[PDB]
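# Coordinate inspection notes
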Amino acid sequence: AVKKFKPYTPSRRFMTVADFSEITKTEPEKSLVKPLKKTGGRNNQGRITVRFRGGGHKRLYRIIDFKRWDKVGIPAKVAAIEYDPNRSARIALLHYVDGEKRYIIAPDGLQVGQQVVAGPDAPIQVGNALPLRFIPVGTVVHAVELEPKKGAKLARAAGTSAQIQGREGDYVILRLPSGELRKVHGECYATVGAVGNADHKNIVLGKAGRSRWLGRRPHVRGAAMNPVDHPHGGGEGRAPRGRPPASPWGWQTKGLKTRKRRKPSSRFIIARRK
Amino acid sequence: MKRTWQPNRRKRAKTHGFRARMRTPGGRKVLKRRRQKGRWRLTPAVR
RNA sequence: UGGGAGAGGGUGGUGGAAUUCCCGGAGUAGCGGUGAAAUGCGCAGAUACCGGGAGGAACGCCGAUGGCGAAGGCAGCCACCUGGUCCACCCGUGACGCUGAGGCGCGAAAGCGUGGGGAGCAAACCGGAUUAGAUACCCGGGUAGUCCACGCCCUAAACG
RNA sequence: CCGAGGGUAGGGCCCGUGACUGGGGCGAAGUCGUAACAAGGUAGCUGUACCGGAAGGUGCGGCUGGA
RNA sequence: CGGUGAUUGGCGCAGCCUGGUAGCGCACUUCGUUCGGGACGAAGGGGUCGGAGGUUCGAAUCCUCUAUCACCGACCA
RNA sequence: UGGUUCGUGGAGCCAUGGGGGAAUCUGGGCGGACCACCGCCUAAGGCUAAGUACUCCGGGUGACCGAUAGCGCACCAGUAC
RNA sequence: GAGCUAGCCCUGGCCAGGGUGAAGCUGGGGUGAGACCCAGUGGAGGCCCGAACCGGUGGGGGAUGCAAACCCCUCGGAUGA
RNA sequence: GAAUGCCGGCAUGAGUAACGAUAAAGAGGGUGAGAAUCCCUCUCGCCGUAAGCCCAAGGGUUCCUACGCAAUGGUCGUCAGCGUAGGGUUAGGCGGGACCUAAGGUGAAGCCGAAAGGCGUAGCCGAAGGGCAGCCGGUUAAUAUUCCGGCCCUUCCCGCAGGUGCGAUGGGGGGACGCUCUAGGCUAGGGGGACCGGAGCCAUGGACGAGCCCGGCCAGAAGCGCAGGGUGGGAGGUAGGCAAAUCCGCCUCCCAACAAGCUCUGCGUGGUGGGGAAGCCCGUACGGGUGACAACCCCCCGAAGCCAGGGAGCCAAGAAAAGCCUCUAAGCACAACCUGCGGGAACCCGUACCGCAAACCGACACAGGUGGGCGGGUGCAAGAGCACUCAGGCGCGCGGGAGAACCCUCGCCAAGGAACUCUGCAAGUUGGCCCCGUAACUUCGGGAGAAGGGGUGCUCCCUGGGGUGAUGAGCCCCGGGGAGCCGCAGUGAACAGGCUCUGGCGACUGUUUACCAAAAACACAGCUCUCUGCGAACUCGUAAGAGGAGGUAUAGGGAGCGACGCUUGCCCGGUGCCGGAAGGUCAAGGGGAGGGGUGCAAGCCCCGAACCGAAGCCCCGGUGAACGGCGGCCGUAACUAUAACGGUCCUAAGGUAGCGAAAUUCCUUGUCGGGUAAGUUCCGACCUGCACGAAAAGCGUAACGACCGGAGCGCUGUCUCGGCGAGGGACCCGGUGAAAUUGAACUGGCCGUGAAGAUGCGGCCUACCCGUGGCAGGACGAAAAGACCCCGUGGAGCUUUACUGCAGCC
RNA sequence: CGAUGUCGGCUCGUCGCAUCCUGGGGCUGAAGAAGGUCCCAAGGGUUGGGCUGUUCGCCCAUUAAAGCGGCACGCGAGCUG
Ligand SMILES: [Mg+2]
Ligand SMILES: [Mg+2]
Ligand SMILES: [Mg+2]
Ligand SMILES: [Mg+2]
Ligand SMILES: [Mg+2]
Ligand SMILES: [Mg+2]
Ligand SMILES: [Mg+2]
Ligand SMILES: [Mg+2]
Ligand SMILES: [Mg+2]
Ligand SMILES: [Mg+2]
Ligand SMILES: [Mg+2]
Ligand SMILES: [Mg+2]
Ligand SMILES: [Mg+2]
Ligand SMILES: [Mg+2]
Ligand SMILES: [Mg+2]
Ligand SMILES: [Mg+2]
Ligand SMILES: [Mg+2]
Ligand SMILES: [Mg+2]
Ligand SMILES: [Mg+2]
Ligand SMILES: [Mg+2]
Ligand SMILES: [Mg+2]
Ligand SMILES: [Mg+2]
Ligand SMILES: [Mg+2]
Ligand SMILES: [Mg+2]
Ligand SMILES: [Mg+2]
Ligand SMILES: [Mg+2]
Ligand SMILES: [Mg+2]
Ligand SMILES: [Mg+2]
Ligand SMILES: [Mg+2]
Ligand SMILES: [Mg+2]
Ligand SMILES: [Mg+2]
Ligand SMILES: [Mg+2]
Ligand SMILES: [Mg+2]
Ligand SMILES: [Mg+2]
Ligand SMILES: [Mg+2]
Ligand SMILES: [Mg+2]
Ligand SMILES: [Mg+2]
Ligand SMILES: [Mg+2]
Ligand SMILES: [Mg+2]
Ligand SMILES: [Mg+2]
Ligand SMILES: [Mg+2]
Ligand SMILES: [Mg+2]
Ligand SMILES: [Mg+2]
Ligand SMILES: [Mg+2]
Ligand SMILES: [Mg+2]
Ligand SMILES: [Mg+2]
Ligand SMILES: [Mg+2]
Ligand SMILES: [Mg+2]
Ligand SMILES: [Mg+2]
Ligand SMILES: [Mg+2]
Ligand SMILES: [Mg+2]
Ligand SMILES: [Mg+2]
Ligand SMILES: [Mg+2]
Ligand SMILES: [Mg+2]
Ligand SMILES: [Mg+2]
Ligand SMILES: [Mg+2]
Ligand SMILES: [Mg+2]
Ligand SMILES: [Mg+2]
Ligand SMILES: [Mg+2]
Ligand SMILES: [Mg+2]
Ligand SMILES: [Mg+2]
Ligand SMILES: [Mg+2]
Ligand SMILES: [Mg+2]
Ligand SMILES: [Mg+2]
Ligand SMILES: [Mg+2]
Ligand SMILES: [Mg+2]
Ligand SMILES: [Mg+2]
Ligand SMILES: [Mg+2]
Ligand SMILES: [Mg+2]
Ligand SMILES: [Mg+2]
Ligand SMILES: [Mg+2]
Ligand SMILES: [Mg+2]
Ligand SMILES: [Mg+2]
Ligand SMILES: [Mg+2]
Ligand SMILES: [Mg+2]
Ligand SMILES: [Mg+2]
Ligand SMILES: [Mg+2]
Ligand SMILES: [Mg+2]
Ligand SMILES: [Mg+2]
Ligand SMILES: [Mg+2]
Ligand SMILES: [Mg+2]
Ligand SMILES: [Mg+2]
Ligand SMILES: [Mg+2]
Ligand SMILES: [Mg+2]
Ligand SMILES: [Mg+2]
Ligand SMILES: [Mg+2]
Ligand SMILES: [Mg+2]
Ligand SMILES: [Mg+2]
Ligand SMILES: [Mg+2]
Ligand SMILES: [Mg+2]
Ligand SMILES: [Mg+2]
Ligand SMILES: [Mg+2]
Ligand SMILES: [Mg+2]
Ligand SMILES: [Mg+2]
Ligand SMILES: [Mg+2]
Ligand SMILES: [Mg+2]
Ligand SMILES: [Mg+2]
Ligand SMILES: [Mg+2]
Ligand SMILES: [Mg+2]
Ligand SMILES: [Mg+2]
Ligand SMILES: [Mg+2]
Ligand SMILES: [Mg+2]
Ligand SMILES: [Mg+2]
Ligand SMILES: [Mg+2]
Ligand SMILES: [Mg+2]
Ligand SMILES: [Mg+2]
Ligand SMILES: [Mg+2]
Ligand SMILES: [Mg+2]
Ligand SMILES: [Mg+2]
Ligand SMILES: [Mg+2]
Ligand SMILES: [Mg+2]
Ligand SMILES: [Mg+2]
Ligand SMILES: [Mg+2]
Ligand SMILES: [Mg+2]
Ligand SMILES: [Mg+2]
Ligand SMILES: [Mg+2]
Ligand SMILES: [Mg+2]
Ligand SMILES: [Mg+2]
Ligand SMILES: [Mg+2]
Ligand SMILES: [Mg+2]
Ligand SMILES: [Mg+2]
Ligand SMILES: [Mg+2]
Ligand SMILES: [Mg+2]
Ligand SMILES: [Mg+2]
Ligand SMILES: [Mg+2]
Ligand SMILES: [Mg+2]
Ligand SMILES: [Mg+2]
Ligand SMILES: [Mg+2]
Ligand SMILES: [Mg+2]
Ligand SMILES: [Mg+2]
Ligand SMILES: [Mg+2]
Ligand SMILES: [Mg+2]
Ligand SMILES: [Mg+2]
Ligand SMILES: [Mg+2]
Ligand SMILES: [Mg+2]
Ligand SMILES: [Mg+2]
Ligand SMILES: [Mg+2]
Ligand SMILES: [Mg+2]
Ligand SMILES: [Mg+2]
Ligand SMILES: [Mg+2]
Ligand SMILES: [Mg+2]
Ligand SMILES: [Mg+2]
Ligand SMILES: [Mg+2]
Ligand SMILES: [Mg+2]
Ligand SMILES: [Mg+2]
Ligand SMILES: [Mg+2]
Ligand SMILES: [Mg+2]
Ligand SMILES: [Mg+2]
Ligand SMILES: [Mg+2]
Ligand SMILES: [Mg+2]
Ligand SMILES: [Mg+2]
Ligand SMILES: [Mg+2]
Ligand SMILES: [Mg+2]
Ligand SMILES: [Mg+2]
Ligand SMILES: [Mg+2]
Ligand SMILES: [Mg+2]
Ligand SMILES: [Mg+2]
Ligand SMILES: [Mg+2]
Ligand SMILES: [Mg+2]
Ligand SMILES: [Mg+2]
Ligand SMILES: [Mg+2]
Ligand SMILES: [Mg+2]
Ligand SMILES: [Mg+2]
Ligand SMILES: [Mg+2]
Ligand SMILES: [Mg+2]
Ligand SMILES: [Mg+2]
Ligand SMILES: [Mg+2]
Ligand SMILES: [Mg+2]
Ligand SMILES: [Mg+2]
Ligand SMILES: [Mg+2]
Ligand SMILES: [Mg+2]
Ligand SMILES: [Mg+2]
Ligand SMILES: [Mg+2]
Ligand SMILES: [Mg+2]
Ligand SMILES: [Mg+2]
Ligand SMILES: [Mg+2]
Ligand SMILES: [Mg+2]
Ligand SMILES: [Mg+2]
Ligand SMILES: [Mg+2]
Ligand SMILES: [Mg+2]
Ligand SMILES: [Mg+2]
Ligand SMILES: [Mg+2]
Ligand SMILES: [Mg+2]
Ligand SMILES: [Mg+2]
Ligand SMILES: [Mg+2]
Ligand SMILES: [Mg+2]
Ligand SMILES: [Mg+2]
Ligand SMILES: [Mg+2]
Ligand SMILES: [Mg+2]
Ligand SMILES: [Mg+2]
Ligand SMILES: [Mg+2]
Ligand SMILES: [Mg+2]
Ligand SMILES: [Mg+2]
Ligand SMILES: [Mg+2]
Ligand SMILES: [Mg+2]
Ligand SMILES: [Mg+2]
Ligand SMILES: [Mg+2]
Ligand SMILES: [Mg+2]
């Protein structure tokens, strides 16, 4: 539904801004923010650990219920659907009959004024939380825990979904949005529906500075470097890379797998991504 | 044009002062070298 | 007003056979393929058989000189939404009609843009045989594409 | 004031011409191949897309101007 | 001007370091097929091994030196 | 692996990081791989003056210096700068 | 040693004056409904001209300099990375 | 006696260059031993979005005053930011602390590390942010929102008086927030006045005039008045706000839906308090009195400031805690809290002076650099621009003459207009506003200020809109029409684009080598490959821990290409990477056949073959937007020429599309065509591509460019080809007065010679001694122990299939 | 090599002559005019442009002629770059 521009300057001919038609509420709930301490890439040593991060706009952290068994049995009314700047996705404000307000992350086609409930009891319609052992097979789902009682850690970016493909033992088999097949325990909660704002893929930033507003600094190719700094750098000309292509720290970057082989999670993974 | 010394009493005392030596084990030895030489000022003099 | 048929169109959903792939069992020295062969696959355990799983596309018998649509075209099943149409009753309007330069909408397949999907098939490409030579016909692989949503493209032996 | 006309500047149309280039036609009886007419030795034609010295080949769908 | 390689049937090439032999493909040619020609099929010929010298019993083949042949380099001002 | 003169050497001995893992005098370590004989010590707890090193400090002396020397400073010097 | 400089974090401030006139609205036209077309309104932009401010393009001067990077003319950006 | 030796001293250049912005000086009178330089007066010039005021940082006695000039001052000095001495900085309300938290720092708990130390929740520190109670005048030589005067507020603590369950560092609300554009009403500020108050003035031809000139304000409680900001009120139910709540949050019927009502600001008015020019008289340098019993009135423009937490739009979605209100908890309810009154208590530090500069950072009284606020008036369309100029501050701490060359910075020029040159380098042309009009091309926005033109001043007449005003005058902002006037010229000065055609590269704004390169390099949106299932991969770190991320495949990391359009062909033999429970090989370890050393023997101790032994390598496949690569020789067609075609050798395969004398072409100024009188460059083609070619991307592309090339128009001192003029130097006089350099010097030319480029040697020639202004041919001139070359078993930085190790990973 | 700044252009010249022109001459297959060749002769003169960084060279339009060289391939304490 995404919003396009006339070319009245350069870099509005390709600029693209998302549709904010699902958004009802244009300032966040004051009791559910806390300030986001920017890092700039820098760790507790003060050193850059992630290059080319820094800059850009200020942000208050919308604190989100990812662990949704606090409130089993207790339904909730969708007040409002909001911007989160910390996220690809949109967020849903839930007024509870219990009186508390929370942010869940908003699934697609949730609308406003909807009764929505966690639990095992917990009917299978969109927004609701269940353990995976009670959700029917073939249903798409999101906000999935990986181990139980540990917090929603899977399938929560915009437009994403996982999908139940089977049950086997106490574990169910999930189709992850990478394409991975994966044994996830049955008591892991998961929140049914795809996530949406699925037009997030089709945003075109248009100009350089729109990357700076997200805090994305310029990225330097190592071919534009000197060989102190990079394996690729140097060479009195342009150079075809010398060598099999490579990080600043030496390891190759076309093809080299670096999953730890002896990781015990690999006993739970059936099929690597596609 | 802009030169190197652009002074500040907050910067001078919090960097070079007495209490900022006596955190680090290096700067405790600075005062040891400066007791032993005979320094009239162990630390840089700030108002 | 009351009836009737139909693959007429759009949306959502669903069922089975079969191909491919994966897993497990069992099982051997060959399988594919051709006009004949070869490339190829195969004791690193293939073809063939049983059981389990995933995914995509097309829906056999019904079924044809059948039906529907203005044309392109339309085929498993279910519901919803919807168009055209045929008969009867002779009730109402009462000449309201026919055609139609422009315009406007529809328009197989191939193709293009964006995102998804990708089982089988297969332009380009790669082998192997034929041949004087093969950029082809035959064989073995194989990418776009064929599928979906949206927007373009506007063509034909779009033929009765 | 208007004013034939001259001048400046910029556009529109047409004609001749132009290194080189593309296809067209006609030529001596040249070279290469055999595409089509007979089931033309892979039925032909067709819109499209791709490929090949070349006619043309193949994919998709269509047609009976073949069975 | 330096270096290291090649010259072999009409044509494009193998044959050597393991010193004696000279072969393949196309071509040419006699025959056979078709009405004629091409493809096919059967049979055949085809060489100063660029030339000069020695190492030995013996050189296309080993070593010198010439003449063409591509080919690399000719750098720092 | 370190120490020893010992650099893997015939490498003992003395400490050890890792693995195995005893005994109490008929017990155990050592005498330069090892074995036999013959000998010497009694590990896995600790303390212990003197004799030894140095000179911020006081004193004595000099084939030491005498203001470019002697401490960087004879002088308000780790100062001015 | 980050009181210069490079990057980032927290908290504040500055950018005279003019132009261009996007989207979106309102009314009219249009259609079965639209798409769409006119005005008017509106005030977008790593938009334009150009002081502060940030730079340092070309030339001249300066060269034991006013200055261990300067001065004059000219010039780039100037709501944004 | 030498070490470009060390230290100190003194010379040479040399009375030389320079005396620090070309904003500018002259006179009269004082003081004085001594005046261009100090004081006073007059005249002149300069700044005036500053070169004028107020803060902050920094500096730390520089402030004021009296007495002084040895040294500092680029001259002088009686002066000073200098020497001696004395004085000067006054706060409950300004700033900071007995208030709060931010990044960050520290850090009991707790984790880690050979030691030192490294993390780290709460808490604490941490401020130009939040919070908080003072405005205006007058005095000092030097301080004031600080002292005095007037008016007005805040905390505490103790008392009475009246109300309520009081009550926490705990719960809740609030504080509380972005960018851009803005409405209404105010204020600061400014313009005008026939009105008011004023010492005075009619000059030189005219004017006693609604004449000229100066000034017509400030603060100020309550209560009014005007704008505006915040908020709903009752009833129940309640399982959430980590105990409890009447609070908050969530439901459910009722009343307004409004600012009606409550508060809270801002602004006018306000008891009253103060100020009050120009001119004249003066006694100081700085000020005082009168003018004045001062007036203290009316219109107009009007903010970026105030009401403020206003409104609307947009995406990039925009601090925390305390103060404040409310709610309860223990405890307490003879308390405690709230309101009013009264009395009392209110601590520590800073305050002066400079502050775009002679007091700060630059060794200097240095043309450099330095954050925030006010920054008046007129005219130019506007403006913080430009010119002049109030207030205010200055003439920049050497002068006087002269009128050479030469230099710098300006002004003008006959005829020519690029002939100059590497290049129109530089300078010139153009230049603002209003109005006609505007091409190829295009991504439909642009190109566009395209280009090229016309107008611009003043007077008079008629006339249409607005804002404030009551629909009206006046005051202000915009227009139209007609007639005329003057000059060479009307944005009459200053500020203010030269244009066009075409090609290369990069899409574009942007970034970069501070201090020789701003670019075609970097970055960029965008495309692709690859890794990563979360205690993720990757990164720093021994570790703990942290970034990633309080993110989750539409996300994060690495790499390449770098908008967009059409595209990205063939080779997987070698390298890399990915996938293969076979086999070959492979260490410790297992295993012990067999043999050995000693013992009288039980024994003790050594080697040691089969065989079982991982990763890796070998091996088997895949993989190009992974490393990379993409042929050679013969013959053939109705003239030659060429080769669509064929033969053969080789490869892993033999460069397809599209470009091509190119940022790529050696031969080469290839050969044609265009431009030109003439074109090694440019443009368009041909292809014989030494040595293009597809993501180290290929070919194009509108727009953009302080990038690079070619051409033309306009215009010019660039040139033919120079000339004149102006000012700051150069020259002379007075004051102060360096420098690199220097073996010593009594330092000519030619021809020779000499270590081969002679003032110094030989022969000859020439030449009295010493200076000044100039020019650079020599002194192999100066400066830097060549920076190009080589040497040294010199050193660093980088690379790899060099060697050997380490981290890291398996 | 404890430094002798390099190509080309500008400005300024100066010298040699083995002379481009002008001057004087001998031979000519010199009729005349104009040439050719050689000798004597430097006194003076030896243009402006297009291309290229160019020296050189090729063109354009002229000329009486469009001379060759040396001077650190003269000349950067004279300039450019
Ligand atoms: Mg909060
Ligand atoms: Mg920290
Ligand atoms: Mg730290
Ligand atoms: Mg980059
Ligand atoms: Mg580089
Ligand atoms: Mg580095
Ligand atoms: Mg580094
Ligand atoms: Mg490297
Ligand atoms: Mg290169
Ligand atoms: Mg290479
Ligand atoms: Mg490289
Ligand atoms: Mg600081
Ligand atoms: Mg009827
Ligand atoms: Mg009728
Ligand atoms: Mg179609
Ligand atoms: Mg299709
Ligand atoms: Mg498609
Ligand atoms: Mg995409
Ligand atoms: Mg197939
Ligand atoms: Mg096939
Ligand atoms: Mg038909
Ligand atoms: Mg005319
Ligand atoms: Mg045929
Ligand atoms: Mg056929
Ligand atoms: Mg084909
Ligand atoms: Mg077909
Ligand atoms: Mg060199
Ligand atoms: Mg070299
Ligand atoms: Mg040792
Ligand atoms: Mg040892
Ligand atoms: Mg050794
Ligand atoms: Mg041990
Ligand atoms: Mg032992
Ligand atoms: Mg022993
Ligand atoms: Mg012994
Ligand atoms: Mg012993
Ligand atoms: Mg003991
Ligand atoms: Mg001494
Ligand atoms: Mg002495
Ligand atoms: Mg000394
Ligand atoms: Mg800093
Ligand atoms: Mg900094
Ligand atoms: Mg503007
Ligand atoms: Mg509009
Ligand atoms: Mg705007
Ligand atoms: Mg802009
Ligand atoms: Mg600008
Ligand atoms: Mg300002
Ligand atoms: Mg600056
Ligand atoms: Mg810069
Ligand atoms: Mg400059
Ligand atoms: Mg500009
Ligand atoms: Mg610009
Ligand atoms: Mg000496
Ligand atoms: Mg000596
Ligand atoms: Mg002297
Ligand atoms: Mg002199
Ligand atoms: Mg002089
Ligand atoms: Mg002088
Ligand atoms: Mg001066
Ligand atoms: Mg002035
Ligand atoms: Mg201070
Ligand atoms: Mg100071
Ligand atoms: Mg003093
Ligand atoms: Mg003073
Ligand atoms: Mg005095
Ligand atoms: Mg003095
Ligand atoms: Mg003096
Ligand atoms: Mg005196
Ligand atoms: Mg004093
Ligand atoms: Mg205060
Ligand atoms: Mg405190
Ligand atoms: Mg106290
Ligand atoms: Mg605190
Ligand atoms: Mg710490
Ligand atoms: Mg902390
Ligand atoms: Mg504060
Ligand atoms: Mg504050
Ligand atoms: Mg005052
Ligand atoms: Mg004062
Ligand atoms: Mg004060
Ligand atoms: Mg209470
Ligand atoms: Mg609170
Ligand atoms: Mg006023
Ligand atoms: Mg007034
Ligand atoms: Mg007035
Ligand atoms: Mg009056
Ligand atoms: Mg008179
Ligand atoms: Mg006022
Ligand atoms: Mg008042
Ligand atoms: Mg509670
Ligand atoms: Mg209201
Ligand atoms: Mg009041
Ligand atoms: Mg007065
Ligand atoms: Mg607001
Ligand atoms: Mg606190
Ligand atoms: Mg106290
Ligand atoms: Mg003060
Ligand atoms: Mg200032
Ligand atoms: Mg300095
Ligand atoms: Mg001065
Ligand atoms: Mg000073
Ligand atoms: Mg200064
Ligand atoms: Mg100073
Ligand atoms: Mg400034
Ligand atoms: Mg103003
Ligand atoms: Mg002004
Ligand atoms: Mg004005
Ligand atoms: Mg005027
Ligand atoms: Mg203006
Ligand atoms: Mg202002
Ligand atoms: Mg100005
Ligand atoms: Mg004045
Ligand atoms: Mg004149
Ligand atoms: Mg002239
Ligand atoms: Mg003239
Ligand atoms: Mg002209
Ligand atoms: Mg010239
Ligand atoms: Mg020229
Ligand atoms: Mg040129
Ligand atoms: Mg040029
Ligand atoms: Mg210029
Ligand atoms: Mg002009
Ligand atoms: Mg045109
Ligand atoms: Mg153009
Ligand atoms: Mg336009
Ligand atoms: Mg114009
Ligand atoms: Mg143009
Ligand atoms: Mg006039
Ligand atoms: Mg008003
Ligand atoms: Mg102008
Ligand atoms: Mg161009
Ligand atoms: Mg070019
Ligand atoms: Mg660019
Ligand atoms: Mg730029
Ligand atoms: Mg630079
Ligand atoms: Mg530098
Ligand atoms: Mg630039
Ligand atoms: Mg530069
Ligand atoms: Mg792209
Ligand atoms: Mg590590
Ligand atoms: Mg985090
Ligand atoms: Mg990624
Ligand atoms: Mg990435
Ligand atoms: Mg690149
Ligand atoms: Mg190919
Ligand atoms: Mg390969
Ligand atoms: Mg490979
Ligand atoms: Mg392979
Ligand atoms: Mg492997
Ligand atoms: Mg192995
Ligand atoms: Mg072993
Ligand atoms: Mg063993
Ligand atoms: Mg063993
Ligand atoms: Mg290998
Ligand atoms: Mg050319
Ligand atoms: Mg030509
Ligand atoms: Mg030409
Ligand atoms: Mg060309
Ligand atoms: Mg070419
Ligand atoms: Mg090339
Ligand atoms: Mg290339
Ligand atoms: Mg490729
Ligand atoms: Mg490539
Ligand atoms: Mg490129
Ligand atoms: Mg190109
Ligand atoms: Mg295009
Ligand atoms: Mg272009
Ligand atoms: Mg391009
Ligand atoms: Mg540029
Ligand atoms: Mg001139
Ligand atoms: Mg002159
Ligand atoms: Mg003059
Ligand atoms: Mg003098
Ligand atoms: Mg003499
Ligand atoms: Mg000589
Ligand atoms: Mg002599
Ligand atoms: Mg002599
Ligand atoms: Mg002289
Ligand atoms: Mg000289
Ligand atoms: Mg040297
Ligand atoms: Mg060596
Ligand atoms: Mg070495
Ligand atoms: Mg040398
Ligand atoms: Mg020398
Ligand atoms: Mg020298
Ligand atoms: Mg002669
Ligand atoms: Mg003659
Ligand atoms: Mg003659
Ligand atoms: Mg004659
Ligand atoms: Mg002569
Ligand atoms: Mg030359
Ligand atoms: Mg000469
Ligand atoms: Mg020379
Ligand atoms: Mg030169
Ligand atoms: Mg010279
Ligand atoms: Mg010289
Ligand atoms: Mg240059």
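Residues numbered from 1 in each chain as written, not as in the entry; some residues may be left out. Chains lettered and ligands numbered in written order. Part of a larger assembly, values for the part shown. Heavy atoms only, no water.

## Points about the pattern of salt bridges
All names here are of chain A. Short version of the rule: What makes a salt bridge here is a side-chain nitrogen of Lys or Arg within 4 Å of a carboxyl oxygen of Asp or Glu, nothing more. Here a strand is any run of E in DSSP of at least two residues, a helix any run of H or I of at least four, and the numbering for each starts at the N terminus. Partly exposed describes any residue whose relative accessible area lies between the buried limit of under 20% and the exposed limit of over 50%, with all areas from a 1.4 Å probe on protein chains only and scaled to the type maximum.
According to the stated counting rule, one finds 12 salt bridges over all chains in the structure shown. Of the charged contacts in the structure, one is a salt bridge between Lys71 and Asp98, with a shortest N-O distance of 2.4 Å. Residue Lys71 is located in the loop between β4 (60-62) and β5 (76-82), and its partner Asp98 is located in the loop between β6 (91-96) and β7 (101-105); the two are separated by 27 residues in the primary sequence. Judged by its relative accessible area of 14%, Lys71 is buried. The partner of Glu187 in a salt bridge is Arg133, and the shortest N-O contact between them spans 2.6 Å. Separated by 54 residues along the polypeptide, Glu187 in the loop between β15 (181-185) and β16 (189-192) and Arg133 in the loop between β9 (129-131) and β10 (140-142) bring together distant segments of the chain. The class for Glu187 is partly exposed, based on a relative accessible area of 30%. You can call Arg133 partly exposed: its relative accessible area is 41%. Residues joined by salt bridges that share partners form a network here, namely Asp65, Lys67, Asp70, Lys71, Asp98, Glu100 and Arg102.

## Describing unusual backbone geometry
Residues and elements named next belong to chain A. For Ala122, which is not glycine, the phi dihedral falls at a positive 55 degrees. In this model, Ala155 sits at a positive phi of 65 degrees, which is unusual for a non-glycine residue. Looking at the element boundaries, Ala155 is found in the loop between β12 (152-154) and β13 (162-168). A residue is classified by how much of its surface remains accessible, and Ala155, at 12% relative accessible area, is buried.

## Things to note about the sheet that holds β7 of chain A
What holds strands together in a sheet is hydrogen bonding between their backbones, with the strands either parallel or antiparallel. All names here are of chain A. Condition: Whether two strands pair depends on DSSP finding at least two bridges between them.
Ordered by their spatial adjacency, four strands build an open sheet running β7-β6-β5-β8, and the pairing between neighbours is antiparallel. Looking at the sheet topology across the chains shown, the edges are occupied by β7 and β8 (115-116). Relative to β7, β6 runs antiparallel, the two being bridged by five bridges. Bridge pairing in β7 links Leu94 to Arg102.

The values reported here are purely geometric and, on their own, carry no functional implication.
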